[PDB]
């Protein structure tokens, strides 16, 4: 494959508001489901919360300094709905909009294109009190929030994503209970998935009407390429079920193909009520799709397990990070599939990276060679994808800096920059210097 990326390729790093900002009560911010969840004893592995995190509400200028030192040309970050509409449904908080306005101006002044995520999991708690993503009304008010934000910032921000990883919000938040709000019911999770998709579609339409200029609007999906452990009917069916559970359940309705019928049959009475009107809304045309990629699923049939009755067959020969199996070829596979089998284009890699047991060494650096190798290998797969015609326009490393990693708290470090959570000092890791020098060469 090729050596060089396009001259106008987007090179960035990514964060999310609750994971980095802190300042959870400042300047009118409301309570989010992640404030409630992280303050519930036992939900976070290490007793931490997002109360301070990286203090990026006050220290985003330091984050900009890091992006500049890395030679990036873009920054993917989220806007906290609790800062914009603290009650979820209700009046706006101009102080919240002004904060992000200043941030956007600081990014543009630095030559960093803002790639804004509207929803990165921090649902206002008052909406969860009224069933959260279990209620259609949450979709409606999400679109109202999207309208307000674009009205004020859309003169400067062209590239917007509605949702980050609706599979996580629905299935981890309402079915498996490991993410906020922490419910454990399949029917509620599937209902949440529909109202997330509906909220996405309503927001796209609202954003286009509210925008002062044409916008490039996408959605961001985690995708897991799935492979049967054997060619038996049982294992192949398990792979199809897992592929439907994570990938096709979201890709198909967004593509105007309805929900996948095999999954509707498998889910039975737990499937949501989806009329043709909702599906037309959900398929609101998009300008790009964001792909979040870390891992494959090598599936074996698991009849006694919870739905989708498919377990991972571990490969001890493959490298593992602090929390995941490394399989770079899956990134090529999933992109080839999107390019040839689905209508979304162009594509951005909106999240890719890894977690390691990073420490500051005696010399002062962070020697994260496995993370450097992770980036090198995945970037090579992107060159293969580009060679095959995949319309890939950018890449965002997850994450700019170590941050609050959801149910694992501050204990799971994904940064290309190290965060000292006691002093708030950031330091570039060796992999970040590698990205800097690779990008500079491009």
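Positions refer to the first chain, counted from 1.
Participant: For the C-alpha atoms alone, is the average B factor greater in 315-323 or in 337-345, going by the entry?
Facilitator: Result of the comparison: 315-323.
Participant: Going by the average Cα B-factor in the PDB entry, point out whether 76-84 or 233-241 comes out higher.
Facilitator: Per the PDB entry, the higher value belongs to 233-241.
Participant: Specify which of 220, 149, 176, 223 carries the largest Cα B factor in the deposited PDB entry.
Facilitator: Answer for 220, 149, 176, 223: 176, with the highest C-alpha B-factor.
Participant: Between 136, 99, 120, 371, let me know which has the highest C-alpha B-factor in the entry?
Facilitator: Highest CA B-factor of the listed options: 136.
Participant: Among the modelled residues of this chain, does the Cα B factor of residue 425 put it in the lowest, middle or highest third?
Facilitator: For residue 425, whose C-alpha B-factor we compare with every modelled residue in the chain, the answer is the middle third.
Participant: Comparing against every modelled residue in the chain, figure out the third that the C-alpha B-factor of residue 376 lands in (lowest, middle or highest).
Facilitator: For residue 376, the deposited C-alpha B-factor lands in the middle third.
Participant: Ranking the modelled residues of this chain by C-alpha B-factor as given in the entry, is residue 251 in the lowest, middle or highest third?
Facilitator: Middle third by C-alpha B-factor.
Participant: Which third, lowest, middle or highest, does the CA B-factor of residue 214 fall in along this chain?
Facilitator: Highest third - that is where residue 214 ends up once the chain's C-alpha B-factors are sorted.
Participant: Going by what the PDB entry lists, where does residue 350 fall on CA B-factor within its chain: lowest, middle or highest third?
Facilitator: Its C-alpha B-factor, which the entry lists for residue 350, ranks in the lowest third among residues of this chain.
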